[PDB]
Structure formats: structure tokens, C-alpha cells
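Read top to bottom, the protein sequences are chains A and B.
Here the first sequence stands for residues -17 to 36, numbered as in our numbering.
Here the second sequence stands for residues 30 to 241, numbered as in our numbering.
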Amino acid sequence: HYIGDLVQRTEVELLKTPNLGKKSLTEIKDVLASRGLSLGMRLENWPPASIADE
Amino acid sequence: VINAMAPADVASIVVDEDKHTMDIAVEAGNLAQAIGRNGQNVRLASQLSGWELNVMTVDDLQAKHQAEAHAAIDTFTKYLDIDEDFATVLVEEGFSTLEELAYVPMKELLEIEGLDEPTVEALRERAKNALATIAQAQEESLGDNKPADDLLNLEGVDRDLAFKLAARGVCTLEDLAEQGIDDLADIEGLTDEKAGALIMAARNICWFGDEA
């Protein structure tokens, strides 16, 4: 539901599932061109330190 | 044929076209000497005619013999077809079912109790049309452009599954990889997990095609 969950998983792990399509790969590349998501990161589960509970 | 079964006791044999395959027809009691040794008289008598022989048993012949009468019938009846109650009474007297039987005598079935205007002579014509329909089925599997060698030799997919996948415009394995799970979900023969596995296998064959 959140793009943080998309950033938590690798692009190779998403490419190993056929739920994404060929045009969806191009859309994912267009989204990752801004380098805000799908940059190959690893989170704790959800929250960064700036994302703190208060 | 018989002379090649000597020294023993041959009684009958079957035939065919190019590869007739002399099906030796003897009895178990005489088969002991006829066959002699598993790997000796089965090869010596195989080159006798120059082709090859298939030593069988008297009962075996009959067993296979019937396994042929039911099949020009034992094939989901994909030929003429009309009502079934008349079809049973017609196939009772019918020799060798109806599989391509129009090229045979088209006047002895009129002797059958019930032959007004040429309709049974027409029923056989229906069987001929069924053969054309079978050719149309070949068109459905070739007569209308069936899948390529890449899609057909893909592991985890059969010929019917490849035809069902290629019926949506795809022709190659790359074209199947371009399709999605939702696009392949239009065919009820494939499930979402099976279409996902086939799409993943085609994408892996496309991406890792550099490696053998």
C-alpha cells in the first residue's frame, strides 16, 4: 500500500514475479528516474528515524 | 513372413504400409520354440524379411484386434454424428466403424432395415465432413497459425496450453513473456498461478538466454 514497502523490496525480487507487466516495468523505471523510490534500500520494517511515532 | 518364423509353427500375421511390422501370431505352447531365445531368434528372424517382426500370441492378436473396432468408434466419435440411438444400431452392423468408410461399398448399408432417400449414404458424407472438420481443427491448431518452436518447447506447457496461450495473438516465447497474468486470465484453461509461472519461465528464458 505504501511506496516504502516497494523500496523495502529489491527490483530483482519484483522482476521475479509475473504480477508486474512489461508496461509496468517501464512505469517503474519512470518512477525510479526521480530516484525517490526503488533505489535498493533496506528499512527496519516501516519507519525511519525521521518517520518517528510522534 | 512365416518362413522367417521357421524353424517353428506360424499361423497368421498382420500387415501395414512402408513399415508393415510382421506381427507374428502363434500360440504360447509353440511360442517357447518360435521365440527360442529373447535375444537370438527375435533378431535372426527380424532381418529375415529385411524389416522387423513383432512376435505376439494368438489371444494377443484378438486383444489388439478388438482394440481397433471400438476406436474407429473409440475416439469420442469425432466424424459424422446425429442421434445416438440410431448410431448404436448403425455401428452394430458397421464394419471398421465409419472412419473414412465412404471410399468402401456405398450400397451395402442400404440393405440395412431403414434406407429411404440417400441419407445414410449422406451420414457417411457427414463423416467425410467430419474429416474436413478435423482438418479445420488442424487449422485451429495450425490452419490459423499455431505457436513457434520457442513457445512449444517451453518447459511446463503442453501443446494444448501452448495453443490456448498463442490464441491471444502471441506466437513466440517472448510474446508470451510480454503478456501478463491478467491478459492470460481470459483463457479459462490457464489459472493465475499457472499463467504467472509460465510468464516467469518465459521471462527467465528471455533474460538468461545468453547462458545455456
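The beta carbon of each residue, even a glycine, is placed where N, CA and C say it ideally should be.
Which residues in chain A have a C-beta closer than 9 Å to the C-beta of residue i? List them in chain order.
i	result
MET229 of chain B	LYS(-2), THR(-1) and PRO0
So who's on the other strand from residue i, going by DSSP bridges?
i	result
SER41 of chain B	B:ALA54
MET85 of chain B	B:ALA54
If I measure Cβ to Cβ from residue i and keep anything under 8 Å in the same chain, skipping five residues before and after, which residues do I get?
i	result
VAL39 of chain B	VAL30, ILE31, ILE53, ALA54, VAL55 and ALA63
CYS200 of chain B	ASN174, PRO176, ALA177 and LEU180
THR86 of chain B	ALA54, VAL55, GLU56, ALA57 and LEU60
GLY225 of chain B	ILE210
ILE10 of chain A	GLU(-7), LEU(-4), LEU2 and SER20
Over what stretch of residues does the alpha helix (DSSP H) that includes residue i continue unbroken?
i	result
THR162 of chain B	149 to 167
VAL(-11) of chain A	-15 to -10
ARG232 of chain B	221 to 236
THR117 of chain B	113 to 122
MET135 of chain B	Premise fails: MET135 of chain B is in no alpha helix (DSSP H) and is neither H nor E.
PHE192 of chain B	188 to 195
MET23 of chain A	Taken as a continuous stretch (DSSP letters only), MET23 of chain A belongs to no alpha helix (DSSP H), as it is neither H nor E.
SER78 of chain B	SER78 of chain B -> no alpha helix (DSSP H), and no H or E assigned at all.
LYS(-2) of chain A	It is not in any alpha helix (DSSP H) - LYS(-2) of chain A carries neither H nor E in the DSSP assignment.
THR201 of chain B	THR201 of chain B -> no alpha helix (DSSP H), and no H or E assigned at all.
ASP12 of chain A	4 to 14
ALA101 of chain B	Per DSSP, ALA101 of chain B belongs to no alpha helix (DSSP H) and is neither H nor E.
For residue i, count neighbouring C-beta atoms within 10 Å of its own C-beta (all shown protein chains included) and say buried if the count is 16 or more, exposed if not.
i	result
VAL133 of chain B	exposed
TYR108 of chain B	buried
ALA33 of chain B	buried
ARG153 of chain B	buried
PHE115 of chain B	exposed
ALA161 of chain B	exposed
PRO36 of chain B	exposed
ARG72 of chain B	exposed
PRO147 of chain B	exposed
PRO29 of chain A	exposed
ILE42 of chain B	buried
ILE228 of chain B	buried
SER32 of chain A	exposed
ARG232 of chain B	buried
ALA74 of chain B	buried
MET23 of chain A	exposed
Residue i versus chain B: which residues are under 7 Å apart at the beta carbon?
i	result
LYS4 of chain A	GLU207
Which residues in chain A sit within 8 Å of residue i, going by Cβ to Cβ distance?
i	result
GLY225 of chain B	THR(-1), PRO0 and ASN1
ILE210 of chain B	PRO0 and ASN1
Excluding sequence positions up to five away, which residues of its chain have a Cβ less than 7 Å from the Cβ of residue i?
i	result
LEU(-4) of chain A	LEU2
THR8 of chain A	none
In chain order, what residues of the same chain lie with their CB nearer than 6 Å to the CB of residue i, ignoring the 5 residues before and after it?
i	result
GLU203 of chain B	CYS235
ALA191 of chain B	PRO176, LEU180 and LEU181
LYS136 of chain B	none
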